[PDB]
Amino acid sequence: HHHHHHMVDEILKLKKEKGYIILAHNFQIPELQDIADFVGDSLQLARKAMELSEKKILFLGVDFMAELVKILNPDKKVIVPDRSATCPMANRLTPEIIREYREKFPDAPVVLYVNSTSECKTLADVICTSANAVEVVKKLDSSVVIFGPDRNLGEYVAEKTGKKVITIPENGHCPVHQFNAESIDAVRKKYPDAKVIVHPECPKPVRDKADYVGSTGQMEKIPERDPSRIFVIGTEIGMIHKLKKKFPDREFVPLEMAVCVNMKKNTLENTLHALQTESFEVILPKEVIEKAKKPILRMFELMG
């Protein structure tokens, strides 16, 4: 909107002037997606940052993602506008629980979802995303794996791979994606020709009623091969804007309104403040960077 056109102009000039690149997660408000150089998922953004000349990064998302970017770009300054933006699911897994479960099942590799603390990543055998988790677990020798922090994704991986997936912590889940299956019944009657796409973080009954299950990266490729005029989307509300932007010819309908409060902590105002003050810098110990990079590079190595 034109009322913010002077705010946007100061963001563009400062970003240009100080050599920032702005990376925004798909769950950011539309206003921040519209000012970002690249919008996508966590790993997509971090990988993207490795490729660029900009020595400074403004990251718009939540803490474990900004740290991922820093882990993989450690000589680059990474700032976030709100340091309290975090992932409640990720924060429920701890080093202690991982260590507890490694002892119980010492032959099982620890596969950690990218939505995990940096400290947790130092202890994982490999990282995955919702896009590549099935393939990653498939390529591991073992037929029993330890997986966290999301139980639903773990269970999905178990279904797709046929392997035993021991999920940690107990009842690990994303509250944003706990859609109700009756919501799918309801949209099918309302839009009989619509396709339902939901995230694998969604519970089993929702995944099973959906036409497609995939990551937000996967969602945004579906209309390249599906010609449907209407898609119903089971993930965080920010993806609707992303999808509408990429495919203006289609209609994107939320399965339900689902908002990640932590993702919405970032605003045009605090983003502007961040660029004015070049704060808040993501600072990690060298040793955590060194150790946590290992399972992240292995993920890339395995998928290569």
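From 1 onward, residues are counted along the sequence shown. Whichever C-alpha set is largest while still superposing within 1.5 Å between the two forms counts as the rigid core.
Q: After fitting on the rigid core, pick out whichever of 262-270 or 50-58 shows the bigger RMS C-alpha deviation in 5 other deposited structures of this protein.
A: Looking at 262-270 versus 50-58 in 5 other deposited structures of this protein, the farther one turns out to be 50-58.
Q: Is the mean CA B factor in the deposited entry higher across 68-76 or across 194-202?
A: So the stretch with the higher mean C-alpha B-factor is 68-76.
Q: In the PDB record, does 26-34 or 49-57 carry the higher mean Cα temperature factor?
A: Result: 49-57.
Q: Going by the entry, which of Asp82, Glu135, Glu224, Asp211 has the most elevated CA B factor?
A: Among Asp82, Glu135, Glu224, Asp211, the PDB entry lists the largest C-alpha B-factor for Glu135.
Q: Tell me, please, which of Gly154, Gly217, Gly234, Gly162 has the highest C-alpha B factor according to the deposited entry?
A: Top of the list by C-alpha B-factor: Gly162.
Q: Mind checking which third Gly19 falls in for C-alpha B-factor across the chain?
A: Highest third - that is where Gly19 ends up once the chain's C-alpha B-factors are sorted.
Q: Comparing against every modelled residue in the chain, figure out the third that the C-alpha B-factor of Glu256 lands in (lowest, middle or highest).
A: As the PDB entry reports it, the C-alpha B-factor of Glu256 lands in the lowest third of its chain.
Q: Lowest, middle or highest third: where is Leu268 by C-alpha B factor in its chain?
A: CA B-factor rank for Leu268: highest third.
Q: Lowest, middle or highest third: where is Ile230 by Cα B-factor in its chain?
A: Tercile = lowest for this residue's CA B-factor.
Q: Comparing against every modelled residue in the chain, figure out the third that the C-alpha B-factor of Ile168 lands in (lowest, middle or highest).
A: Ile168: CA B-factor falls in the highest third of its chain.
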